[PDB]
Amino acid sequence: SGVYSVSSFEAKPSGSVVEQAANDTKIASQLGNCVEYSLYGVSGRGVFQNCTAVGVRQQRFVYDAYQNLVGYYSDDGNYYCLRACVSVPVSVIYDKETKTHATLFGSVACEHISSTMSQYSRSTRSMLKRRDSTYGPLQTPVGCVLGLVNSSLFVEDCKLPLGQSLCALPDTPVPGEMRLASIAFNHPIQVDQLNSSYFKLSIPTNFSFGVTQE
Amino acid sequence: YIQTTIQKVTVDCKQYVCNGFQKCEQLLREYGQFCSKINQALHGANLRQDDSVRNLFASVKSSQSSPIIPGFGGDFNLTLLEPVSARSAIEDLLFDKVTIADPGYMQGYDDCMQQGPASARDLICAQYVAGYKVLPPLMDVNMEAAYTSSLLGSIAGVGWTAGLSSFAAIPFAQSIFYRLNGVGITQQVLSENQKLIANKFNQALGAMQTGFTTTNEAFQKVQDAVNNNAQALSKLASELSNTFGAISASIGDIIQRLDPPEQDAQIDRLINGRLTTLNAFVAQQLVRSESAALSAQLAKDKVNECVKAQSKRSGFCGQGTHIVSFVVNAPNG
Amino acid sequence: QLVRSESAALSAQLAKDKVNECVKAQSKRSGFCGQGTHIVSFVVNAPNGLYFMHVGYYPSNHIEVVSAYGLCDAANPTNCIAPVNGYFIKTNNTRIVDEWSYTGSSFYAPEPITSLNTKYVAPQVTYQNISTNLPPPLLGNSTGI
Amino acid sequence: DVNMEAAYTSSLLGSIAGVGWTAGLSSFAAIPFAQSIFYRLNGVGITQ
């Protein structure tokens, strides 16, 4: 049992862009989409945006310290701001005893993920089964989770912690779906201060012996 | 500053080596269980980090404590240790003065979708490109602050007599005067100079706010730990531009320029280079984690010796004669 | 192998310190030997080192009582006492009012105040000035011939 | 050997009680285990 990082989804190139010295194959009308590009003999894949002009215009290609294209001067007279298409990280939350699983999607906001992820591509042939329940993706402080039920429970410890306070509680005694619980802080015995020449003393009335092995 | 953890990093070995190109996947498939060894080593290191955090904070928690009300301390102004209704003021200042990149942990993938222009090699947006990932820490900021604040509320009442199994809820001033009486200052002197002692303690504690600067060695150590984390990530992000004796560093470029007999050779050069990089990264992470575990044990000893009791051995807690020690959370310790 | 062997020597030094501090003596520092309050430790051999078994005293069922920093004689204010390895608590043993008893620091069991569990100290502003019932240490001897 | 290591460990076990209440490094008092346990309990805050 544990939380294992697995292979991530990759954005699928929606269109293409070409340039030189029809009409739908242009940088404009494609801003925000991961596209292939071949601009004046420099080719790759990325996402274009509208950024304020920077660098030297006559040298249309704008690089960074590590020889990565980060900008481009188009024939239309606009400076286009260039990125790389980004992957969606994936991890699997697995309980061995009940043989149950959920999917944690890195740090994504559940707007970019769907039950099929047809917009993305990865080597893995299919997604986890995610049976009849199949409710909408749950949004957690650690990211978007598929196959978790909001439980609003508290635990003193868990075997699979998701992150930041979060645990996946398996439906242990057909086992149900895993639940999203949180680790609660165990408050020490509170003793209040007096406002006098007395003080409050907390003292045991019973005891036991305990062996710590090391 | 005592470091207790390192940043938890997992890499997607398949996507780091081949970044999506189906031709490279087949070439790497006959390399067998290298990527699997990298993944298992990283998973074990992260599990050990979680276990270290749990052990340290299970040894830090007190069994009994006093609620931290405003004005806790009385004549001694330690309001910079009190939580602002959950971190302390000095803890917030320490976290503010440290140059640390904000990881996403939530909708951080969509933060890098817009991303503006890149902010000087953003290692937080590079994970969704290079193929690694930074895991969130086991506990929240609020839970860590709860542990530290519960530790602060038991400092005075640690017990003058065999104080392990009993808690006396005495004021902070009484505890300070008992600690001062035990280092060779008589009751008469303490009774005459009550206000002077309180003022002198406040002067020393107040000079802390204007202390986080270049001359502060502990603050420099905090920044060094953050920079070590950043360098570890940057070395991974930097080897993707390397061309290990090939015609290009992009797999998609050599694919659309040569023929399969040459494609295989070039792609194999790149594959071997990237696998060597990943192996070196894994070894360095193992070394850093093994060092951080010993440092966490040292922090446990210091919490048990200086914070929960007044130490009689010189030099261990601080300089001079030790009286009282406070502890807050820091970026990695 | 060199790295592992170098780590094992530091671990062996730690085991030496633990044997000298937890098995051959009772340790007063919390957390080093075990949890709770350390009492006695045993050690046996293990495949590649030592296996320590620390026996500790774990308290339960805590109660809250009212206690005083010390007691002074109202007639003679410069004659005061403080508890030794314990506390001065307010009894409720269906008896005289504002009676003071002594209890050990690790187990609740009120007992009479005597010279065996108290020590004389200089007066403080937080000490209780008691007029009647004057535990035996505070009894100012005025029995002449 | 296993026997030599066990001899060391057993010899260590037999000196646990008599570590000496008073400056106990150069002298050995062969007291019973119960006496040692009760002296250890008395020193943590449990009255006689």
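Every heavy atom of this structure was used, including side-chain atoms; hydrogens, water molecules and symmetry mates were not. Chain identifiers are assigned alphabetically (A, B, ...) following the order of the sequence lines, protein sequences preceding nucleic acid strands; residue numbering begins at 1 within each chain.
Taking every heavy atom of both residues into account, B:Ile124 and B:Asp102 meet most closely at CG1-O, 3.5 Å. Among all heavy-atom pairs drawn from B:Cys13 and B:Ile38, the shortest one is SG-CD1, 4.1 Å. Between B:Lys61 and B:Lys308, the shortest heavy-atom distance links the atoms O-NZ, 3.3 Å. Smallest separation of non-hydrogen atoms from B:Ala230 and B:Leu123: O-CD1, 3.2 Å. A pairwise comparison of heavy atoms in A:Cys110 and A:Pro137 identifies CB-CB, 4.1 Å as the closest pair. Of all the heavy atoms in B:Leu236 and B:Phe281, the pair that sits closest is CG-CD1, 3.6 Å.
For A:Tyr94 and A:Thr100, the side-chain atoms include no donor-acceptor pair closer than 3.5 Å. Side chains of A:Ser91 and A:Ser5: a donor-acceptor N/O pair is absent below 3.5 angstrom, by distance only. Judged purely by distance below 3.5 Å, without hydrogens or angles, the side chains of A:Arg130 and A:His101 pair a donor atom with an acceptor atom. For the 3.5 Å distance criterion, the side chains of B:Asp111 and B:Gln107 qualify, holding a donor opposite an acceptor. Side chains of A:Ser87 and B:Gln15: a donor-acceptor N/O pair is present below 3.5 angstrom, by distance only. Looking only at atom types and distance, the side chain of B:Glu305 has no donor-acceptor partner in the side chain of B:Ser311 under 3.5 Å away. Side-chain atoms of B:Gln40 and B:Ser36 include a donor-acceptor pair closer than 3.5 Å. Under 3.5 Å, the side chains of B:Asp12 and A:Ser8 contain a donor-acceptor pair of N or O atoms.
Between B:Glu290 and B:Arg48, at least one side-chain N (NZ, or NE/NH1/NH2) sits under 4.0 Å from a carboxylate O, which counts as a salt bridge. Salt bridge present: B:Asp51 and B:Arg54 bring a charged side-chain N and a carboxylate O closer than 4.0 Å.
Side-chain contact between B:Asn229 and B:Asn332: present, with at least one pair of heavy atoms (C-beta onward) separated by less than 4.5 Å. Within the 4.5 Å cutoff, no side-chain heavy atoms of A:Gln193 are placed close to those of A:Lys200. Side-chain atoms of B:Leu233 and B:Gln7, non-hydrogen and from C-beta on, do get closer than 4.5 Å to each other. In this structure, A:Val145 and A:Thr103 have side chains that are not in contact, with every pair of non-hydrogen atoms separated by 4.5 Å or more. Contact annotation: the side chain of B:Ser59 approaches that of B:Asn55 to within less than 4.5 Å [non-hydrogen atoms, C-beta and beyond]. Residues B:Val222 and B:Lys97 form no side-chain contact, since every pair of their non-hydrogen atoms from C-beta on lies 4.5 Å or further apart. Using a 4.5 Å heavy-atom threshold, the side chains of B:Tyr109 and A:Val88 count as touching. Counting only heavy atoms from C-beta outward, the side chains of B:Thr10 and B:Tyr132 never approach each other to under 4.5 Å.
Qualifying ring-ring contact (aromatic ring centres under 6.0 Å, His included) partners for A:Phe209, counting only residues two or more places apart in sequence or in other chains: A:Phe207. Taking A:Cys144 as the reference, nothing meets the disulfide bond (SG atoms under 2.5 Å apart) condition, with sequence neighbours excluded. Take B:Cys112 and apply the disulfide bond (SG atoms under 2.5 Å apart) test, not counting sequence neighbours, and it matches B:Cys125.
With B:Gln285 contributing its side chain and B:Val9 its backbone, the two residues share no donor-acceptor pair below 3.5 Å. One N or O on the side chain of B:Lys8 and one on the backbone of B:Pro136 form a donor-acceptor pair closer than 3.5 Å. A side-chain donor-acceptor contact under 3.5 Å links A:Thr205 to the backbone of C:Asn61. No donor-acceptor pair closer than 3.5 Å links the side chain of B:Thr148 to the backbone N or O of B:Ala145. Of the possible polar contacts, one joining the C:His54 side chain to the C:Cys33 backbone as a donor-acceptor pair under 3.5 Å is found. Judged by distance alone, the side chain of B:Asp122 and the main-chain N or O of B:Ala118 form no donor-acceptor pair under 3.5 Å. Within the 3.5 Å criterion, the main-chain N or O of B:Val141 finds no donor-acceptor partner in the side chain of B:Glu144. Under the 3.5 Å distance criterion, the side-chain polar atoms of A:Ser114 are matched with a main-chain donor or acceptor of A:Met117. A donor-acceptor pair under 3.5 Å is absent between the side-chain atoms of B:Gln114 and the main chain of B:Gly116, judged by distance alone. Without hydrogens or angle criteria, B:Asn216 side chain to B:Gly211 main chain gives a donor-acceptor distance under 3.5 Å.
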- Query: Run the side chain to side chain donor-acceptor pair (under 3.5 Å) check on A:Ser1 and A:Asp95 step by step: do they pass?
  - Reply: CA-CA 5 Å; A:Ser1 273; A:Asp95 182 27; 3.3 Å; yes

- Task: Take C:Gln35 and A:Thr212 through the side chain to side chain donor-acceptor pair (under 3.5 Å) test and state the conclusion after the steps.
- Result: CA-CA 7 Å; C:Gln35 291 313 293; A:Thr212 301; 6.0 Å; no

- From CA spacing to verdict: side chain to side chain contact (heavy atoms under 4.5 Å, CB included), B:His322, B:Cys306: CA-CA 8 Å; B:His322 176 246; B:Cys306 301; 4.2 Å; yes

- Task: Kindly indicate, with the supporting measurements, whether the criterion side chain to side chain donor-acceptor pair (under 3.5 Å) is fulfilled by B:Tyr128 and A:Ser107.
- Result: CA-CA 10 Å; B:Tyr128 319 109; A:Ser107 69; 2.7 Å; yes

- Begin from the C-alpha positions of A:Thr124 and A:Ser7 and carry the test side chain to side chain donor-acceptor pair (under 3.5 Å) through to its verdict. CA-CA 8 Å; A:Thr124 303; A:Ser7 79; 3.3 Å; yes

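The residue from B:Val307, B:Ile90, B:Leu81 that alone fulfils the side chain to side chain contact (heavy atoms under 4.5 Å, CB included) condition with B:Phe326 is B:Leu81.
Distance CG/A:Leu160 to CG/A:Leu104: 12.0 Å, rounded to 0.5 Å. From B:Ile68, atom CD1 reaches atom CG of B:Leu151 across 9.5 Å, with rounding to the nearest 0.5 Å. Atoms CD1 and OG, from B:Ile6 and B:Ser295 in turn, are 12.0 Å apart once rounded to the nearest 0.5 Å.
Under the 30°/60° scheme for interplanar angles, the aromatic rings of B:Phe212 and B:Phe219 are found to be tilted. Relative ring orientation between B:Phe172 and B:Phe76 is described as perpendicular, the plane-to-plane angle rising above 60° on a 0-90° scale split at 30° and 60°.
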Contacts under 3.5 angstrom, residues 174-191 of chain A side chains, donor-acceptor by atom type, not counting sequence neighbours:
from     : atom 1 : to       : atom 2 : distance (Å)
A:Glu177 : OE1    : A:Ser133 : OG     : 3.4
A:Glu177 : OE2    : A:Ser133 : OG     : 2.3
A:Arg179 : NH1    : A:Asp171 : OD1    : 3.4
A:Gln190 : NE2    : A:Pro188 : O      : 2.7

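For the pair C:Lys18 and C:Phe32, the cation-pi test (distance below 6.0 Å, angle within 45°) is passed.
The stretch residues 136-164 of chain A participates, sequence neighbours left out, in no side chain to side chain donor-acceptor pair (under 3.5 Å) pair at all. Pairs of residues two or more places apart, or lying in two chains, never qualify as ring-ring contact (aromatic ring centres under 6.0 Å, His included) while including a residue from residues 115-144 of chain A.
For B:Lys221, the NZ atom is loosely surrounded, since the number of other residues' heavy atoms within 6.0 Å does not exceed 12.
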